[PDB]
>>> print(open('work_14.tsv').read())   # TSV, N, CA and C atoms
chain	number	residue	atom	x	y	z
A	612	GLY	N	-5.82	-42.17	-2.36
A	612	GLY	CA	-5.63	-42.35	-0.94
A	612	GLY	C	-4.22	-42.04	-0.48
A	613	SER	N	-4.04	-42.14	0.85
A	613	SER	CA	-2.79	-41.75	1.48
A	613	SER	C	-1.59	-42.53	0.99
A	614	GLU	N	-1.79	-43.68	0.34
A	614	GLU	CA	-0.63	-44.37	-0.21
A	614	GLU	C	0.10	-43.49	-1.23
A	615	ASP	N	-0.59	-42.53	-1.83
A	615	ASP	CA	0.02	-41.70	-2.85
A	615	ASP	C	0.94	-40.62	-2.30
A	616	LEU	N	0.94	-40.43	-0.99
A	616	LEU	CA	1.63	-39.29	-0.40
A	616	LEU	C	3.14	-39.40	-0.63
A	617	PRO	N	3.82	-38.26	-0.84
A	617	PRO	CA	5.29	-38.30	-1.02
A	617	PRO	C	6.02	-38.74	0.25
A	618	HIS	N	5.35	-38.66	1.38
A	618	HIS	CA	5.96	-39.02	2.66
A	618	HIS	C	6.47	-40.45	2.67
A	619	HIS	N	5.89	-41.33	1.84
A	619	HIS	CA	6.33	-42.72	1.82
A	619	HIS	C	7.73	-42.89	1.26
A	620	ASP	N	8.25	-41.90	0.53
A	620	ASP	CA	9.67	-41.86	0.15
A	620	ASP	C	10.38	-41.03	1.22
A	621	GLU	N	11.11	-41.71	2.11
A	621	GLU	CA	11.76	-41.00	3.21
A	621	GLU	C	12.72	-39.92	2.74
A	622	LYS	N	13.29	-40.06	1.54
A	622	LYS	CA	14.21	-39.04	1.06
A	622	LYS	C	13.54	-37.74	0.68
A	623	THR	N	12.21	-37.66	0.69
A	623	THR	CA	11.57	-36.39	0.44
A	623	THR	C	11.60	-35.50	1.68
A	624	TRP	N	11.85	-36.08	2.88
A	624	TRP	CA	11.83	-35.27	4.09
A	624	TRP	C	13.01	-35.49	5.02
A	625	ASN	N	13.75	-36.60	4.93
A	625	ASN	CA	14.82	-36.87	5.88
A	625	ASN	C	16.09	-36.29	5.27
A	626	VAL	N	16.56	-35.18	5.85
A	626	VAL	CA	17.76	-34.50	5.36
A	626	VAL	C	18.97	-34.82	6.25
A	627	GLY	N	19.00	-36.01	6.86
A	627	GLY	CA	20.26	-36.53	7.39
A	627	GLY	C	20.72	-35.71	8.57
A	628	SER	N	22.00	-35.37	8.59
A	628	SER	CA	22.55	-34.66	9.74
A	628	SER	C	22.58	-33.15	9.53
A	629	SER	N	21.76	-32.62	8.60
A	629	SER	CA	21.63	-31.17	8.43
A	629	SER	C	21.35	-30.46	9.74
A	630	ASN	N	21.97	-29.31	9.95
A	630	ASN	CA	21.80	-28.59	11.19
A	630	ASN	C	20.62	-27.61	11.15
A	631	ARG	N	20.37	-26.98	12.28
A	631	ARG	CA	19.26	-26.05	12.39
A	631	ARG	C	19.31	-24.93	11.36
A	632	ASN	N	20.47	-24.33	11.16
A	632	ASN	CA	20.59	-23.25	10.18
A	632	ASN	C	20.28	-23.72	8.77
A	633	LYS	N	20.79	-24.89	8.38
A	633	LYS	CA	20.46	-25.43	7.08
A	633	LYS	C	18.96	-25.69	6.95
A	634	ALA	N	18.33	-26.22	8.02
A	634	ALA	CA	16.88	-26.42	7.97
A	634	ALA	C	16.15	-25.10	7.75
A	635	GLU	N	16.57	-24.04	8.44
A	635	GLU	CA	15.94	-22.75	8.21
A	635	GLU	C	16.10	-22.28	6.77
A	636	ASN	N	17.27	-22.50	6.17
A	636	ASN	CA	17.45	-22.13	4.77
A	636	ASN	C	16.57	-22.97	3.85
A	637	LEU	N	16.46	-24.27	4.12
A	637	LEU	CA	15.65	-25.13	3.26
A	637	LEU	C	14.18	-24.76	3.35
A	638	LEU	N	13.72	-24.28	4.50
A	638	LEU	CA	12.31	-24.01	4.71
A	638	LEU	C	11.91	-22.55	4.52
A	639	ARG	N	12.87	-21.66	4.33
A	639	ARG	CA	12.57	-20.24	4.19
A	639	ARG	C	11.62	-20.01	3.02
A	640	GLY	N	10.53	-19.29	3.26
A	640	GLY	CA	9.56	-18.98	2.22
A	640	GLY	C	8.56	-20.07	1.92
A	641	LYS	N	8.69	-21.25	2.53
A	641	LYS	CA	7.82	-22.36	2.14
A	641	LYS	C	6.46	-22.25	2.83
A	642	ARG	N	5.46	-22.92	2.25
A	642	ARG	CA	4.13	-22.86	2.79
A	642	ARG	C	4.02	-23.57	4.14
A	643	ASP	N	3.01	-23.18	4.90
A	643	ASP	CA	2.76	-23.79	6.20
A	643	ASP	C	2.60	-25.30	6.04
A	644	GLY	N	3.19	-26.04	6.97
A	644	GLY	CA	3.16	-27.47	6.91
A	644	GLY	C	4.30	-28.10	6.15
A	645	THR	N	5.17	-27.30	5.50
A	645	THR	CA	6.37	-27.87	4.90
A	645	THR	C	7.30	-28.25	6.04
A	646	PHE	N	7.94	-29.41	5.92
A	646	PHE	CA	8.71	-29.96	7.01
A	646	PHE	C	9.89	-30.80	6.52
A	647	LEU	N	10.76	-31.07	7.46
A	647	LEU	CA	11.85	-32.00	7.32
A	647	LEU	C	12.15	-32.65	8.65
A	648	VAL	N	12.92	-33.74	8.59
A	648	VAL	CA	13.49	-34.40	9.75
A	648	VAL	C	15.00	-34.42	9.57
A	649	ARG	N	15.70	-34.21	10.67
A	649	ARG	CA	17.14	-34.15	10.65
A	649	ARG	C	17.69	-34.51	12.00
A	650	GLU	N	18.99	-34.76	12.06
A	650	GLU	CA	19.60	-34.92	13.37
A	650	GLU	C	19.61	-33.59	14.12
A	651	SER	N	19.45	-33.69	15.44
A	651	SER	CA	19.55	-32.56	16.33
A	651	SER	C	21.01	-32.29	16.71
A	652	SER	N	21.25	-31.04	17.14
A	652	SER	CA	22.52	-30.73	17.77
A	652	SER	C	22.69	-31.52	19.06
A	653	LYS	N	21.61	-32.01	19.64
A	653	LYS	CA	21.69	-32.94	20.77
A	653	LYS	C	22.04	-34.30	20.19
A	654	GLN	N	23.29	-34.72	20.39
A	654	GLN	CA	23.80	-35.90	19.69
A	654	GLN	C	22.95	-37.11	20.00
A	655	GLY	N	22.62	-37.85	18.93
A	655	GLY	CA	21.83	-39.04	19.05
A	655	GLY	C	20.34	-38.80	18.97
A	656	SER	N	19.88	-37.55	18.96
A	656	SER	CA	18.47	-37.22	18.83
A	656	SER	C	18.18	-36.66	17.44
A	657	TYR	N	16.92	-36.78	17.02
A	657	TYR	CA	16.43	-36.17	15.81
A	657	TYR	C	15.57	-34.95	16.14
A	658	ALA	N	15.27	-34.18	15.09
A	658	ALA	CA	14.40	-33.02	15.22
A	658	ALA	C	13.52	-32.95	13.99
A	659	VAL	N	12.33	-32.39	14.17
A	659	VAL	CA	11.50	-31.95	13.06
A	659	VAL	C	11.64	-30.44	12.97
A	660	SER	N	11.73	-29.94	11.75
A	660	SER	CA	11.63	-28.52	11.49
A	660	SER	C	10.42	-28.36	10.58
A	661	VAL	N	9.45	-27.52	10.98
A	661	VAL	CA	8.19	-27.41	10.25
A	661	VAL	C	7.76	-25.95	10.26
A	662	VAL	N	7.18	-25.50	9.15
A	662	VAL	CA	6.67	-24.14	9.04
A	662	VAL	C	5.26	-24.06	9.63
A	663	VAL	N	5.09	-23.15	10.60
A	663	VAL	CA	3.80	-22.90	11.22
A	663	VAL	C	3.59	-21.40	11.20
A	664	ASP	N	2.46	-20.93	10.66
A	664	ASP	CA	2.18	-19.51	10.62
A	664	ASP	C	3.36	-18.73	10.08
A	665	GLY	N	3.97	-19.24	9.03
A	665	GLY	CA	5.06	-18.57	8.35
A	665	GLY	C	6.38	-18.56	9.08
A	666	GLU	N	6.55	-19.35	10.13
A	666	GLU	CA	7.79	-19.38	10.89
A	666	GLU	C	8.24	-20.82	11.08
A	667	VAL	N	9.55	-21.05	11.05
A	667	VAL	CA	10.04	-22.39	11.31
A	667	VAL	C	10.02	-22.69	12.81
A	668	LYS	N	9.46	-23.84	13.14
A	668	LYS	CA	9.47	-24.37	14.49
A	668	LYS	C	10.32	-25.62	14.49
A	669	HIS	N	11.09	-25.80	15.56
A	669	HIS	CA	11.95	-26.95	15.72
A	669	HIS	C	11.47	-27.75	16.92
A	670	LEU	N	11.32	-29.06	16.74
A	670	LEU	CA	10.77	-29.97	17.74
A	670	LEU	C	11.77	-31.10	17.92
A	671	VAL	N	12.08	-31.47	19.14
A	671	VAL	CA	12.94	-32.63	19.36
A	671	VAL	C	12.12	-33.90	19.26
A	672	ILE	N	12.70	-34.91	18.67
A	672	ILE	CA	12.14	-36.25	18.69
A	672	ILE	C	12.83	-37.06	19.79
A	673	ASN	N	12.04	-37.61	20.69
A	673	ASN	CA	12.51	-38.51	21.75
A	673	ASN	C	12.56	-39.93	21.22
A	674	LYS	N	13.43	-40.72	21.81
A	674	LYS	CA	13.47	-42.13	21.51
A	674	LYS	C	13.44	-42.86	22.84
A	675	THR	N	12.41	-43.68	23.04
A	675	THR	CA	12.27	-44.53	24.21
A	675	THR	C	12.23	-45.98	23.74
A	676	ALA	N	12.13	-46.88	24.71
A	676	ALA	CA	12.00	-48.29	24.38
A	676	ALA	C	10.73	-48.58	23.60
A	677	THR	N	9.70	-47.73	23.72
A	677	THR	CA	8.50	-47.97	22.95
A	677	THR	C	8.56	-47.32	21.58
A	678	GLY	N	9.55	-46.46	21.30
A	678	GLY	CA	9.64	-45.84	19.99
A	678	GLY	C	9.98	-44.36	20.05
A	679	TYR	N	9.92	-43.76	18.88
A	679	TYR	CA	10.12	-42.34	18.69
A	679	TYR	C	8.83	-41.58	18.91
A	680	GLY	N	8.95	-40.34	19.38
A	680	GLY	CA	7.80	-39.46	19.46
A	680	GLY	C	8.20	-38.13	20.04
A	681	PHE	N	7.19	-37.28	20.21
A	681	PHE	CA	7.42	-35.92	20.72
A	681	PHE	C	7.29	-35.77	22.21
A	682	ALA	N	6.55	-36.67	22.86
A	682	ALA	CA	6.26	-36.57	24.28
A	682	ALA	C	5.51	-37.81	24.69
A	683	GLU	N	5.64	-38.18	25.96
A	683	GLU	CA	4.82	-39.22	26.54
A	683	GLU	C	3.36	-38.76	26.52
A	684	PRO	N	2.40	-39.67	26.31
A	684	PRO	CA	2.50	-41.11	26.10
A	684	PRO	C	2.49	-41.48	24.61
A	685	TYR	N	3.14	-40.67	23.76
A	685	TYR	CA	3.11	-40.82	22.32
A	685	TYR	C	4.45	-41.21	21.74
A	686	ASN	N	5.34	-41.73	22.57
A	686	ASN	CA	6.64	-42.19	22.06
A	686	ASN	C	6.50	-43.63	21.57
A	687	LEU	N	5.79	-43.78	20.46
A	687	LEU	CA	5.22	-45.06	20.04
A	687	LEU	C	5.80	-45.57	18.74
A	688	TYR	N	6.51	-44.75	18.00
A	688	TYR	CA	6.67	-45.02	16.57
A	688	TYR	C	7.98	-45.75	16.35
A	689	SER	N	7.94	-46.83	15.58
A	689	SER	CA	9.11	-47.70	15.47
A	689	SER	C	10.19	-47.12	14.57
A	690	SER	N	9.86	-46.10	13.80
A	690	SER	CA	10.79	-45.48	12.88
A	690	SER	C	10.37	-44.04	12.70
A	691	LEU	N	11.30	-43.27	12.10
A	691	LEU	CA	10.97	-41.92	11.69
A	691	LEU	C	9.84	-41.92	10.68
A	692	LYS	N	9.85	-42.87	9.75
A	692	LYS	CA	8.80	-42.94	8.74
A	692	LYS	C	7.43	-43.12	9.39
A	693	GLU	N	7.32	-44.02	10.37
A	693	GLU	CA	6.02	-44.22	11.01
A	693	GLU	C	5.57	-42.96	11.75
A	694	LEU	N	6.52	-42.26	12.39
A	694	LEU	CA	6.21	-41.00	13.06
A	694	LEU	C	5.68	-39.98	12.07
A	695	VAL	N	6.38	-39.79	10.96
A	695	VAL	CA	5.98	-38.81	9.95
A	695	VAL	C	4.62	-39.15	9.38
A	696	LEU	N	4.40	-40.43	9.04
A	696	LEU	CA	3.10	-40.79	8.49
A	696	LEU	C	1.98	-40.54	9.50
A	697	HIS	N	2.25	-40.77	10.79
A	697	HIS	CA	1.21	-40.52	11.78
A	697	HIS	C	0.86	-39.04	11.84
A	698	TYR	N	1.88	-38.17	11.89
A	698	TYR	CA	1.66	-36.74	12.01
A	698	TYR	C	1.37	-36.05	10.68
A	699	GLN	N	1.32	-36.79	9.57
A	699	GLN	CA	0.74	-36.24	8.37
A	699	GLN	C	-0.79	-36.15	8.53
A	700	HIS	N	-1.40	-36.95	9.40
A	700	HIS	CA	-2.85	-36.91	9.58
A	700	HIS	C	-3.23	-36.66	11.02
A	701	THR	N	-2.31	-36.31	11.88
A	701	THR	CA	-2.58	-35.97	13.27
A	701	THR	C	-1.91	-34.61	13.48
A	702	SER	N	-2.69	-33.60	13.86
A	702	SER	CA	-2.10	-32.30	14.16
A	702	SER	C	-1.18	-32.39	15.36
A	703	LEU	N	-0.11	-31.60	15.32
A	703	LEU	CA	0.81	-31.47	16.45
A	703	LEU	C	0.22	-30.69	17.61
A	704	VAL	N	-1.00	-30.16	17.45
A	704	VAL	CA	-1.58	-29.27	18.45
A	704	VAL	C	-1.80	-29.99	19.77
A	705	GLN	N	-1.98	-31.33	19.74
A	705	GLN	CA	-2.18	-32.07	20.98
A	705	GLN	C	-1.00	-31.89	21.91
A	706	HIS	N	0.17	-31.61	21.33
A	706	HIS	CA	1.40	-31.43	22.08
A	706	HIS	C	1.64	-29.99	22.53
A	707	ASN	N	1.21	-29.00	21.75
A	707	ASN	CA	1.43	-27.59	22.08
A	707	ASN	C	0.49	-26.77	21.23
A	708	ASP	N	-0.25	-25.85	21.85
A	708	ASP	CA	-1.28	-25.10	21.14
A	708	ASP	C	-0.74	-24.26	19.99
A	709	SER	N	0.56	-23.93	19.97
A	709	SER	CA	1.18	-23.15	18.90
A	709	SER	C	1.57	-23.99	17.70
A	710	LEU	N	1.29	-25.30	17.72
A	710	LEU	CA	1.74	-26.18	16.64
A	710	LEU	C	0.55	-26.81	15.93
A	711	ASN	N	-0.43	-25.98	15.54
A	711	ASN	CA	-1.62	-26.56	14.91
A	711	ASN	C	-1.40	-26.72	13.42
A	712	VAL	N	-0.63	-27.75	13.08
A	712	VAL	CA	-0.27	-28.06	11.71
A	712	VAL	C	-0.04	-29.56	11.70
A	713	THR	N	-0.13	-30.15	10.52
A	713	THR	CA	0.36	-31.50	10.27
A	713	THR	C	1.68	-31.40	9.53
A	714	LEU	N	2.37	-32.55	9.44
A	714	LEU	CA	3.59	-32.67	8.60
A	714	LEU	C	3.07	-32.90	7.18
A	715	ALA	N	2.73	-31.80	6.52
A	715	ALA	CA	1.91	-31.85	5.31
A	715	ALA	C	2.73	-32.00	4.02
A	716	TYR	N	3.87	-31.30	3.91
A	716	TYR	CA	4.59	-31.15	2.65
A	716	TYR	C	6.06	-31.44	2.90
A	717	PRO	N	6.54	-32.63	2.55
A	717	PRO	CA	7.98	-32.90	2.67
A	717	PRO	C	8.75	-31.85	1.89
A	718	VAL	N	9.88	-31.38	2.44
A	718	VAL	CA	10.62	-30.31	1.79
A	718	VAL	C	11.03	-30.63	0.35
A	719	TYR	N	11.33	-31.88	0.05
A	719	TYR	CA	11.78	-32.29	-1.28
A	719	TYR	C	10.69	-33.06	-2.04
A	720	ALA	N	9.43	-32.88	-1.69
A	720	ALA	CA	8.36	-33.47	-2.45
A	720	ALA	C	8.17	-32.75	-3.76
B	189	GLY	N	19.86	-25.61	20.13
B	189	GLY	CA	18.99	-24.44	20.06
B	189	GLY	C	17.70	-24.58	20.85
B	190	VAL	N	16.82	-23.58	20.75
B	190	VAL	CA	15.52	-23.63	21.41
B	190	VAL	C	14.53	-24.50	20.66
B	191	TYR	N	13.97	-25.48	21.37
B	191	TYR	CA	12.93	-26.37	20.85
B	191	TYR	C	11.60	-26.06	21.51
B	192	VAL	N	10.53	-26.27	20.77
B	192	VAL	CA	9.21	-26.03	21.28
B	192	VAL	C	8.92	-27.09	22.34
B	193	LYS	N	8.44	-26.64	23.50
B	193	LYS	CA	8.19	-27.57	24.58
B	193	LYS	C	6.91	-28.34	24.32
B	194	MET	N	6.99	-29.64	24.57
B	194	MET	CA	5.89	-30.56	24.29
B	194	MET	C	5.66	-31.30	25.60
B	195	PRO	N	4.83	-30.77	26.49
B	195	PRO	CA	4.66	-31.41	27.80
B	195	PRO	C	4.07	-32.79	27.67
B	196	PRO	N	4.38	-33.68	28.61
B	196	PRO	CA	3.76	-35.02	28.61
B	196	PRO	C	2.23	-34.95	28.76
>>> encode(input="work_14.tsv", output="structure tokens")
Amino acid sequence: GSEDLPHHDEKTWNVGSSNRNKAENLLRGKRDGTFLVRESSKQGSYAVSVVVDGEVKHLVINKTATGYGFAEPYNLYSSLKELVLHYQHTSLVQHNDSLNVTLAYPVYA
Amino acid sequence: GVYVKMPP
């Protein structure tokens, strides 16, 4: 079951304050659904970088009083870990038709 | 940089 997933070790996907260029280097050549979380160049915000159709996509993570997320009304998650675990089994497509992938493969899994 | 837009 899902308890076995590498996502439960946050260090398999959270690469700290790595920038966009470093994320592109870490994800270059990786299979679709490989992802990481990192700080954004927008200070105080996080980003997901994920491979979709062989290309890296970068998504901002919002933080509201109800939690982290990608867009209202889904800013629900109390931590990055809860967000990642949710989107390991929920496609990002609900947010944008070009993001039909899950957060499937932590970069350091 | 450019981020993918995620409308509410």
>>> atom_distance(input="work_14.tsv", atom1="atom CA of residue A:658", atom2="atom CA of residue A:638")
14.0 Å
>>> closest_atom_pairs(input="work_14.tsv", of="chain B", to="chain A", cutoff="6 Å", atoms="only C-alpha atoms", output="tab-separated table")
residue	atom	partner	partner_atom	distance
B:191	CA	A:670	CA	5.2
B:192	CA	A:670	CA	5.5
B:194	CA	A:706	CA	5.1
B:196	CA	A:683	CA	4.8
>>> select_by_dssp(input="work_14.tsv", residues="chain A", states="alpha helix (DSSP H)", output="PyMOL selection string")
chain A and resi 631-638+691-699
>>> atom_distance(input="work_14.tsv", atom1="atom CA of residue A:649", atom2="atom CA of residue A:696")
15.7 Å
>>> select_by_dssp(input="work_14.tsv", residues="chain A", states="strand (DSSP E or B)", output="PyMOL selection string")
chain A and resi 625+645-650+657-663+666-675+678-680+688+716-717
>>> axis_aligned_box(input="work_14.tsv", around="chain B", padding_each_side="4 Å", output="AutoDock Vina command-line options")
--center_x 11.0 --center_y -29.3 --center_z 24.4 --size_x 25.6 --size_y 19.4 --size_z 16.7
>>> atom_distance(input="work_14.tsv", atom1="atom CA of residue A:655", atom2="atom CA of residue A:619")
23.5 Å
>>> residues_around(input="work_14.tsv", residues="residue A:664", least_positions_apart="2", cutoff="7 Å", atoms="all atoms listed in the file", output="JSON, numbers by chain")
{"A": [643, 644, 662, 666, 667]}
>>> residues_near_point(input="work_14.tsv", point="(9.5, -50.4, 23.9)", cutoff="8 Å", atoms="all atoms listed in the file", output="PyMOL selection string")
chain A and resi 675-678+686-687
>>> write_last_selection(input="work_14.tsv", atoms="N, CA and C atoms", output="PDB file, keeping the file's coordinate frame")
ATOM      1  N   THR A 675      12.410 -43.680  23.040  1.00  0.00           N
ATOM      2  CA  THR A 675      12.270 -44.530  24.210  1.00  0.00           C
ATOM      3  C   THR A 675      12.230 -45.980  23.740  1.00  0.00           C
ATOM      4  N   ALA A 676      12.130 -46.880  24.710  1.00  0.00           N
ATOM      5  CA  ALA A 676      12.000 -48.290  24.380  1.00  0.00           C
ATOM      6  C   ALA A 676      10.730 -48.580  23.600  1.00  0.00           C
ATOM      7  N   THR A 677       9.700 -47.730  23.720  1.00  0.00           N
ATOM      8  CA  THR A 677       8.500 -47.970  22.950  1.00  0.00           C
ATOM      9  C   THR A 677       8.560 -47.320  21.580  1.00  0.00           C
ATOM     10  N   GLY A 678       9.550 -46.460  21.300  1.00  0.00           N
ATOM     11  CA  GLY A 678       9.640 -45.840  19.990  1.00  0.00           C
ATOM     12  C   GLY A 678       9.980 -44.360  20.050  1.00  0.00           C
ATOM     13  N   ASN A 686       5.340 -41.730  22.570  1.00  0.00           N
ATOM     14  CA  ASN A 686       6.640 -42.190  22.060  1.00  0.00           C
ATOM     15  C   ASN A 686       6.500 -43.630  21.570  1.00  0.00           C
ATOM     16  N   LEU A 687       5.790 -43.780  20.460  1.00  0.00           N
ATOM     17  CA  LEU A 687       5.220 -45.060  20.040  1.00  0.00           C
ATOM     18  C   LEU A 687       5.800 -45.570  18.740  1.00  0.00           C
TER      19      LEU A 687
END
>>> closest_residue(input="work_14.tsv", among="A:657, A:688, A:624, A:716", to="residue A:645", atoms="only N, CA and C atoms")
A:716
>>> decode(input="work_14.tsv", residues="chain B", atoms="N, CA, C and O atoms", output="compact mmCIF listing (two decimals), in the first residue's frame")
# COMPACT_ATOMS: atom_id res chain seq x y z
N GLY B 189 10.50 33.27 -12.50
CA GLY B 189 10.27 32.73 -13.84
C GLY B 189 8.80 32.51 -14.16
O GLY B 189 7.93 32.89 -13.38
N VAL B 190 8.53 31.92 -15.33
CA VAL B 190 7.16 31.60 -15.73
C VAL B 190 6.64 30.34 -15.04
O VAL B 190 7.27 29.26 -15.10
N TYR B 191 5.51 30.49 -14.37
CA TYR B 191 4.80 29.38 -13.71
C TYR B 191 3.52 29.06 -14.46
O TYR B 191 2.87 29.93 -14.98
N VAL B 192 3.14 27.80 -14.43
CA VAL B 192 1.93 27.37 -15.09
C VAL B 192 0.75 27.94 -14.33
O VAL B 192 0.67 27.87 -13.09
N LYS B 193 -0.18 28.55 -15.06
CA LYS B 193 -1.31 29.18 -14.41
C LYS B 193 -2.30 28.13 -13.97
O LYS B 193 -2.58 27.14 -14.68
N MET B 194 -2.80 28.30 -12.75
CA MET B 194 -3.70 27.34 -12.12
C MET B 194 -4.90 28.17 -11.68
O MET B 194 -4.92 28.68 -10.55
N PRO B 195 -5.89 28.35 -12.54
CA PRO B 195 -7.02 29.22 -12.19
C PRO B 195 -7.79 28.67 -11.00
O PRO B 195 -7.80 27.45 -10.74
N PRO B 196 -8.41 29.55 -10.22
CA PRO B 196 -9.26 29.09 -9.10
C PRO B 196 -10.44 28.24 -9.60
O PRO B 196 -10.91 28.42 -10.75
